[PDB]
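Comments concern the structure below.
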Amino acid sequence: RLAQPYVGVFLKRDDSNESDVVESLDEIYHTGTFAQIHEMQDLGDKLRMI
Amino acid sequence: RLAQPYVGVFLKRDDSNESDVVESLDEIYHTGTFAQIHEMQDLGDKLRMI
Amino acid sequence: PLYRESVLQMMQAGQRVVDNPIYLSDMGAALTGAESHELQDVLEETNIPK
Amino acid sequence: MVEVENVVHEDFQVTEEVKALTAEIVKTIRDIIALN
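Order-wise, the sequence lines are chains B, U, A and F. Residue numbers for the first sequence follow the authors' numbering, beginning at 158 and rising by one. Residue numbers for the second sequence follow the authors' numbering, beginning at 158 and rising by one. Residue numbers for the third sequence follow the authors' numbering, beginning at 308 and rising by one. Residue numbers for the fourth sequence follow the authors' numbering, beginning at 272 and rising by one.
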């Protein structure tokens with residue numbers, strides 16, 4: 158519904174841990190790669206974002 | 158041209174009539190179904206909306 | 308038989324993915340062949356058990 | 272020879288589902304012409 162559809166991309170630091178990714182915001186690196194969305198597909202998995 | 162694409166889906170009442178569809182607005186039911194348009198195709202017909 | 312059965316295998320109640328059961332009961336009532344008037348009659352009811 | 276056009280053509284007053292058989296009939300006609 159948003160005017161500009163977009164999704165970010167960040168990079169994780171060493172020793173990946175999903176619980177800390179959803180608990181705290183420090184695990185991810187400050188660097189980021191923002192980009193606009195094209196089109197959803199979801200051919201096999203229910204989450205296949207380009 | 159509009160920023161957000163969308164469309165509403167309604168249900169017609171008993172005794173369908175094309176002339177009533179262009180003559181009166183009471184044929185449609187009070188129930189409605191807004192949704193977002195996905196993508197136009199018009200492969201064979203000029204109106205193949207999803 | 309009317310539709311293919313993998314879609315039933317894709318959304319299963321034991322996966323705990325049915326956060327919204329009313330969409331599943333609507334998808335299952337959609338398989339009925341009843342008149343669109345009869346669907347409107349089902350819509351006229353307000354209480355969930357009814 | 273005497274003859275009369277007793278072309279009975281009864282149909283229900285409610286014409287919503289009565290065409291639902293037509294969809295299967297055309298899909299069947301498509302399947303008969305497609306295999307034969």
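By construction, the Cβ of each residue, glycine as well, lies at the ideal position given by its N, Cα and C atoms.
Next on the checklist: Spatial neighbours of residue 164 of chain U within its chain, please: C-beta separation below 6 angstroms, excluding the five flanking residues on both sides.
Outcome noted: 194
Checklist entry - Which residues of chain A have a Cβ atom closer than 9 angstroms to the Cβ of residue 183 of chain U, listed in chain order? => result Within 9 angstroms of the CB of residue 183 of chain U, no CB atom of chain A is found; the nearest one sits about 15 angstroms away.
Item to check | Cβ distance (whole Å) where residue 276 of chain F is taken to contact residue 342 of chain A below 8 angstroms | outcome: Their Cβ separation, rounded to whole angstroms, is 33 angstroms, which puts residue 276 of chain F and residue 342 of chain A out of contact at 8 angstroms.
Checklist entry - Helix, strand or coil: which one does DSSP assign to residue 179 of chain U? => result helix
Checklist entry - Measuring CB to CB, does residue 160 of chain B end up less than 9 angstroms from residue 192 of chain U? => result no
Next on the checklist: If I follow the unbroken alpha helix (DSSP H) through residue 314 of chain A, where does it start and stop?
Outcome noted: First-last of the alpha helix (DSSP H) with residue 314 of chain A: 313–317.
Checklist entry - From which residue to which residue does the beta strand (DSSP E) around residue 168 of chain B run? => result It spans 167–169 - the beta strand (DSSP E) in which residue 168 of chain B sits, taken as one unbroken run.
Item to check | Residues that DSSP places opposite residue 191 of chain U in a beta bridge | outcome: U:165
Next on the checklist: Measuring only the C-alpha atoms, how far is residue 207 of chain U from residue 184 of chain B?
Outcome noted: About 42 angstroms.
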